[PDB]
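1. coords below, sequence missing:
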Ligand SMILES: [Zn+2]
């Protein structure tokens, strides 16, 4: 989650898919900030 491809949730700190739109655990949008 430091490369512009695979991202990491800001809530659970778990990396979803290498291009997911949102978290499946927290339902956090990719980058809602
Ligand atoms: Zn999450």
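-> Sure, I can see it. Residues are numbered from 1 along each chain as shown.

2. which residues of this structure lie near the ion?
-> Taking Cβ under 5 Å from the ion as the test, the list of the chain residues beside the ion reads 9, 11-12, 23, 25-26. Heads up, the C-betas are built off the backbone N, CA and C, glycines and all.

3. need those residues in TSV (columns: neighbour count, secondary structure and distance to residue 2).
-> TSV is the format used below for these (neighbours: other Cβ atoms under 10 Å; DSSP: H, G, I helix; E, B strand; the rest coil; distance: Cβ to Cβ, whole Å):
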residue	neighbour count	secondary structure	distance to residue 2
9	20	coil	14
11	12	coil	17
12	13	coil	17
23	20	coil	17
25	11	coil	20
26	14	coil	19
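
4. redo those residues as a markdown table? Include distance to residue 3.
-> Supplementary listing: the residues of the chain next to the ion in a markdown table, determined by distance: Cβ to Cβ, whole Å:
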| residue | distance to residue 3 |
| --- | --- |
| 9 | 15 |
| 11 | 20 |
| 12 | 19 |
| 23 | 18 |
| 25 | 21 |
| 26 | 21 |
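
5. which one of those is nearest residue 1?
-> Nearest to residue 1 among these: residue 9, at 8.2 Å, using Cβ to Cβ.
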